[PDB]
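Scroll down for the structure; my scribbles are underneath it.
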Amino acid sequence: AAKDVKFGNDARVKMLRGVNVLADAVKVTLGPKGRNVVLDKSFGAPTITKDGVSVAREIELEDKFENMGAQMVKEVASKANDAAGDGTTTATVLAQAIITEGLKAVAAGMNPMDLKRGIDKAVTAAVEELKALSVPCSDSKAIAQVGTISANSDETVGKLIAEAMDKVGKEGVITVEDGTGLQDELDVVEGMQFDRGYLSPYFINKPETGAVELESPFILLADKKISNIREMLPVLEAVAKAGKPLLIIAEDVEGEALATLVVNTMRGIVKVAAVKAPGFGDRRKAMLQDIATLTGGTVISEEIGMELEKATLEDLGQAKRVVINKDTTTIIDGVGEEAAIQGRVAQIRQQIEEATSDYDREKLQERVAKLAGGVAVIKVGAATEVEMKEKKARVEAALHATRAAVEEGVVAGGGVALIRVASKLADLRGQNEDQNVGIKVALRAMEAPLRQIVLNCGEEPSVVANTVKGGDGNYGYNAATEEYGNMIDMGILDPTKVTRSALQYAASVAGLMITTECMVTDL
Amino acid sequence: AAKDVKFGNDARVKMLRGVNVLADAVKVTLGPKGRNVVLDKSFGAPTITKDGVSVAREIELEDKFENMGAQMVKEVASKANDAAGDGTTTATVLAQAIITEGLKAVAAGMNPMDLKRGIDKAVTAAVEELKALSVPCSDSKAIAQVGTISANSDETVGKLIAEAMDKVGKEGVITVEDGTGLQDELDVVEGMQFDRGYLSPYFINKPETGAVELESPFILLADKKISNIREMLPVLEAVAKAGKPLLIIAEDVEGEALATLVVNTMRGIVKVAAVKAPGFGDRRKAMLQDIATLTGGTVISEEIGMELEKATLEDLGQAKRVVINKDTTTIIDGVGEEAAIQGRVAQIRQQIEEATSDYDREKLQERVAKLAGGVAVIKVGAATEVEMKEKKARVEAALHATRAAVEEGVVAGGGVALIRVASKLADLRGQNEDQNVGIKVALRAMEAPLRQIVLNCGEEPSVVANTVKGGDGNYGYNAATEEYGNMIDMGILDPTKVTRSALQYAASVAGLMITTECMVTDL
Amino acid sequence: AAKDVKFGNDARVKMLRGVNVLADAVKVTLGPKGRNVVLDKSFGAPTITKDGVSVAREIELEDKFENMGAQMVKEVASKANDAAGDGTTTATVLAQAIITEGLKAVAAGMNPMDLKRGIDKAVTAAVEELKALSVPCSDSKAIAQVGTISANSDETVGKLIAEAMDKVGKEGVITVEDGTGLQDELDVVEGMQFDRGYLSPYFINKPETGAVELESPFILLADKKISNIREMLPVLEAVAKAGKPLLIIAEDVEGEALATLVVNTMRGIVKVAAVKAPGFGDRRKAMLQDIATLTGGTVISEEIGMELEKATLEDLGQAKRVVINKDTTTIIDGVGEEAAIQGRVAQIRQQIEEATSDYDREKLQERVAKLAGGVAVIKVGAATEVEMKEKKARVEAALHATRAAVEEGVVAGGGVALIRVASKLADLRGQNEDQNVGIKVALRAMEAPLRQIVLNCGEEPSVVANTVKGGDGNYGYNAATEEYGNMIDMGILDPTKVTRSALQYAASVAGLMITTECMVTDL
Ligand SMILES: Nc1ncnc2c1ncn2[C@@H]1O[C@H](COP(=O)(O)OP(=O)(O)OP(=O)(O)O)[C@@H](O)[C@H]1O
Ligand SMILES: Nc1ncnc2c1ncn2[C@@H]1O[C@H](COP(=O)(O)OP(=O)(O)OP(=O)(O)O)[C@@H](O)[C@H]1O
Ligand SMILES: Nc1ncnc2c1ncn2[C@@H]1O[C@H](COP(=O)(O)OP(=O)(O)OP(=O)(O)O)[C@@H](O)[C@H]1O
Ligand SMILES: [Mg+2]
Ligand SMILES: [Mg+2]
Ligand SMILES: [Mg+2]
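Chains as they are written, first to last, in the entry's author numbering: chain B, 2 to 524; chain A, 2 to 524; chain I, 2 to 524.
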């Protein structure tokens, strides 16, 4: 029908305003200062967002345009957030600065394309500089500091991350679970995780993450792939004479062969999940066996000649809970048998030694390793359930950031890298003036987040920024110290990856926002 | 869509106003003074709330924001109320004071985080002080006084609690039932209670408590777990040739194995409940046997080879009523056989003696103890049914508070502990000024409820508070006396646990309220 | 009309907003930077206004409350403006800062009285510091600079002031007149000034100043006081033939008798003025003689026996123009008799030497001095009449400021004194915290105007202010230099008096605003 059109600046402004609103909350929240943000929920009690990210999520704009603009930033921010594990706010902050400048440039009427290109070019240059700048991660104490950064002055999270990290080992994966109680618990977990996808997003559970968690799942393992429903059905009868979420492991499902019959034919009332059996070939079988032992269930294979129909519920193992993500499917804890698990591990271990070949050894060793799992679980307590969820999310983000940060090594925090790079970046020129301005804009954007921290300090960011820029090498401002010192010496370092990730995303967002001169909507 | 946003103070104010409104009623009601509050009900006759708590429940705010804010307080208050058994109002009162100050501080613009931390710190300090301050509970006369406090000058409740408590014994559990008639009846009850959960909240009955009560329940006991519906079904046929609520006892239900078939397949028209059979192993069987005798029903086990299908309704016992809560499932009174029950008890008792081992003795002794139950039931009469319900609720709260109070021992009432602690607390300083103010705020919050009582007195709380603070040791004001005397000497003591519980919750609430600077809602 | 009564912040808020609006324009204009302001006109092209004072004058607020608030500032500012001659804006700027803070404090709910007291206390302290800080005025080159400051980068004004000042002498009074033409004209004017009041404000001329200027005045001098009209009348009759405006000098004119008859009876179509003859006794006569010679008119005394009636117009002298103010009455230029005037001066001069006594010498010397000194007049040209008026006003202000500045000596400009004093002030504490905050507020207020200049520079005032504060001695920022240097060395100095005056007034204004708890207005 009729469209309400806003031209250029008009289109931009809606996004910009939305961006600003979202950004403002985020910026203040970013850094230790932001205590909290809260807003209502349509259903249920209103959500409260401790984190900057959560704030962005929480914040919705009444205006469609503004909201959409806000959403765009958030979505990018989240993506950066996931990968980096941290720097969600930073990306948002960066984006806002870039966007605003871009918009102004838009006001200038310089073709945004050059600017975008310039920005991208600047980003690339900055990235390169950052990479060189970045240095190896410091020790666990640093790690805690890294954790704290993700923490946003959540001391506990950093401590937990460090503590979990120490026990597990940096290499060892750490998993987070909701705390049993207010006090956190760190437990080594028994179980194995195998990287398998979820066959269909349909399987994908309710939660936003889309990882599916089953409570007291039942595990049916078949070495053979599950061709059709019918074979499955007798299992199902045991299972629809069941209910708490059944997990099914099949070597393969033809999303052709299984899916049509299963979905239509099968009520699927009981929760069901399907995963491909880990590994392939004998190894796959071996993995299945390992899983089966861990589950405590039994596996049925054609070679065995056991029938799925014949197999009862008992054959199916149970898990305390299972979490599945597209990348990987894990069982938090199979009931298993303590002896059984150990025995299998030993047997596999013996096998590992036994096999002459490295390859054989590797498969076995991998298998054994999985069984122990080396997994650590972290529980987060909270005053309230809501808090716990919030805390947990923060913790998870921190963990990812920390892990990434350590491997990458950590660049000086405080946006020191960003400021430092920008200066170098400034010298570089874009192909054309429009590009040049964009490049400058990007540089400006980088500078801003340093200022924001300063603003939180209440110190005038101009002086700090100037001083920071002036200092060669790694120079930065420590909010807590409110003294000038080497970032490395300070030991507060922001992860290279997180910084890089955030910057890239922010730049991308900004460019996108910049590009759309005009927006059209239905009236 | 578009959102209506209130920033910071705007967000807070809605909550604050709501809090104040709710709080005001609660505060006045708190203490003997508050005669009553009443408001309409959407359906049915409007509820009338004698109690402060009920007032809060009753009071709803038209404004969503205000209402939500009010709700938040109430929910916390209720939680405190449950645990403490008393002090529901106190928590509310405390919260309001804290919130208001926090809001003002919010107006100050000091970061609430520090304040919250300070408040928490203050709370912790106060708690420690309180614990030291607290002293052992006094005698039953004191108990009645304790009861009266929960009573809010409900003399009857305190008397009933004391009376019930005396007969049952403090240790012995006391249960409350609606009064048969206006006159209360205290009867020792025959029956056993076993701690078992309800399999599903679905089972959970209509009432808010969620405890499920069945009228004239039928009890089917199986030693063996009920794997599937089908085995159940023939029982059901007897029971679908039935209607008034069937209770089912199964050793285990796979919420996998039973649930899918039962729910979908089974109409479940007749009320059904499921509980796991108490105990495990032989003891579980023994417990089942004890239950079976008490029920007067019979239990069927595979070992017996009796069939569930074979078993008739007659095999199933009947109970006058059953109440189930997640923690525990109890049968108020199985029809049982008087002789049978006694005989079983004796047999078990003999067994207890017979067993050499302590362990064997313990299991038997526990079993025997349950059968007698040592249970006492209290009936509350009322002029009207509504009143009775109100009274009953109050009675229950009092009982919990009293029981907790006795074990803990009772601290001086009148908020004496609170005032006393605060002074000590005041000396302690928070890490930072913002924290400091919050700490002070908390202290102020503690003081307030003393004032409220004074206000009810009409005496100027300032003088009283000052005097109370001035007095060392336990110093307090007795409203009734309107004379200064030792709280202990007065013998009016508020339970340590209740006070502690309320304070902690109130603090938590306040912090939460404080945190949310701004609230966003859809327009 | 009706009355609307309000109490509370709301009254304040209106004032604050009004203040800000006026202040903002003024602040930007203040310092060389403020380009301009414009006004509308009902008829003709809209007027355009210049300097900040003019800006403030031009600015009116639609809202009564806001307007009134704005007005209050302006009135005080003008008063300061008059006395200082400069610093109108500064006072306004200071006031705004103070007011806002005070208002915030009002928001705080601290009792403003303490704050006002604290502010006053701070002001006093600051004043003392300033006085000590102040140093003697520099030479004419400095004077021009002083002029420029009043100039607000009006080079011409400063030059004119300096030029006029040089010729006249600093001590010598300089008068400003509208320029004959675009080019300014500086003419020294012969004449004597004697401090005499205007008998009645009725006499007071049209212009706002109320000083009365007569064009080609005729001077009638009577040694005797002019008791009544009748004696005057025959002079007047000649005056009728006259009509060049008549000035009357009488020893004393009783207001009632003369004025009543004169005003009512006499149309007074020709302007008439009356002044008391300068001096008393013989000296008065002598002064009269001196005046008479300077006028070139003759004086009639009873002792002489000359009759006023007898005296013709010729006896009355003429002046090119006369200006009268309440404090003093001056004749810009009597036509005089060249020979007569000179001879008398010589005679007086001889007398001065001649007189043995100091007293005689003093009177004579004073008499000669008045004639000798003469007066200097400055004409200001303009592109347009409107401009000229504006320029003239600015010039006048500058002149006053310069004159004051020179005598006082000039303190470092740039608000350096203000910033410097504040630091010292900060140490001083008010009696009570509320006072303390007010004191701090005042200090903050002082700092602000430095910032404003910086802001105009575009440099971040924070750094500058910090730097300025840090420097001991006279440290300041020169806008033009944009380099740090000694203010004195720079030679840019703001007059002590002007600074002091502005500060005091501003403080007074701020204090006043804070109070006024209740306001009543028409509905
Ligand atoms: N306690 C602290 N002391 C000093 N600097 C800190 C502290 N906490 C964080 N920082 C700095 O502030 C920035 C990190 O804050 P934050 O983690 O909020 O930003 P973010 O990661 O972008 O936001 P989010 O964590 O919500 O994704 C970094 O530059 C970091 O070095
Ligand atoms: N009859 C009484 N005489 C003296 N003081 C009393 C009396 N009844 C109560 N109090 C005091 O008043 C406070 C208890 O009142 P109340 O029980 O209403 O508060 P509450 O427990 O917080 O509210 P609710 O009982 O609704 O949860 C205590 O400090 C108690 O010592
Ligand atoms: N050309 C200039 N270069 C450097 N500083 C200047 C210059 N002109 C003025 N200043 C400084 O700026 C301030 C004076 O500006 P201005 O005269 O506008 O303020 P004001 O006297 O308060 O306003 P008004 O002149 O309208 O009363 C002083 O501190 C003065 O030293
Ligand atoms: Mg972070
Ligand atoms: Mg109570
Ligand atoms: Mg000036």
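Note that beta-carbon positions come from the ideal geometry of N, C-alpha and C, so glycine has one too.
Does any residue of chain A have a CB that is nearer than 9 Å to the CB of residue i?
{"i": "B:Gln319", "result": "yes"}
{"i": "B:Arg268", "result": "yes"}
{"i": "B:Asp41", "result": "yes"}
{"i": "B:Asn37", "result": "yes"}
{"i": "B:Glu484", "result": "no"}
{"i": "B:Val455", "result": "no"}
{"i": "B:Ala57", "result": "no"}
What residues are listed by DSSP as bridge partners for residue i?
{"i": "B:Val276", "result": "B:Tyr199 and B:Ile250"}
{"i": "A:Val323", "result": "A:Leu215 and A:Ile332"}
{"i": "I:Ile515", "result": "The partner list for I:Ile515 (beta bridge, DSSP) is empty, contrary to what the question assumes."}
{"i": "I:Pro496", "result": "I:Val411"}
Starting from residue i and walking both ways along the beta strand (DSSP E), at which residues does that stretch end?
{"i": "A:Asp523", "result": "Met520 to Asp523"}
{"i": "A:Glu59", "result": "From DSSP, A:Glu59 is part of no beta strand (DSSP E) but of the alpha helix (DSSP H) over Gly53 to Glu59."}
{"i": "B:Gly477", "result": "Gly477 to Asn479"}
{"i": "B:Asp188", "result": "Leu187 to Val189"}
{"i": "I:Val378", "result": "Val376 to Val381"}
Does any residue of chain I bring its CB to less than 9 Å from the CB of residue i?
{"i": "B:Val54", "result": "no"}
{"i": "B:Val464", "result": "yes"}
What does residue i touch in chain A if you count any residue whose Cβ is under 9 Å from its own?
{"i": "B:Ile49", "result": "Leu513, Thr516 and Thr517"}
{"i": "B:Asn467", "result": "Those within 9 Å of B:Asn467 in chain A number zero; the least Cβ separation is about 27 Å."}
{"i": "B:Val271", "result": "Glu257, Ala260 and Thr261"}
Chain B beta carbons: is any one of them nearer than 9 Å to that of residue i?
{"i": "I:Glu461", "result": "yes"}
{"i": "A:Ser302", "result": "no"}
{"i": "A:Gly180", "result": "no"}
Quick one: list the residues of chain A neighbouring residue i, beta-carbon separation under 7 Å, in chain order.
{"i": "B:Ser151", "result": "Ordered by position in chain A, no residue passes the 7 Å Cβ test against B:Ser151, which lies about 17 Å from the chain."}
Under DSSP, the alpha helix (DSSP H) around residue i begins and ends at which residues?
{"i": "I:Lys132", "result": "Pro113 to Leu134"}
{"i": "A:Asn68", "result": "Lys65 to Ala85"}
Residue i touches chain B at which residues, Cβ-Cβ below 9 Å?
{"i": "A:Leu524", "result": "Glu63"}
Chain B partners of residue i, CB-CB under 7 Å?
{"i": "A:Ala2", "result": "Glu63"}
{"i": "A:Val521", "result": "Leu40, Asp41, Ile60 and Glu61"}
{"i": "A:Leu262", "result": "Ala241 and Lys242"}
Would residue i be called buried (16 or more neighbouring beta carbons within 10 Å of its own) or exposed?
{"i": "A:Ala123", "result": "buried"}
{"i": "B:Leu183", "result": "exposed"}
{"i": "I:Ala84", "result": "buried"}
{"i": "A:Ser509", "result": "buried"}
{"i": "A:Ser217", "result": "exposed"}
{"i": "I:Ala347", "result": "exposed"}
Residues of chain B with CB under 8 Å from residue i, in chain order?
{"i": "A:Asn229", "result": "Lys242"}
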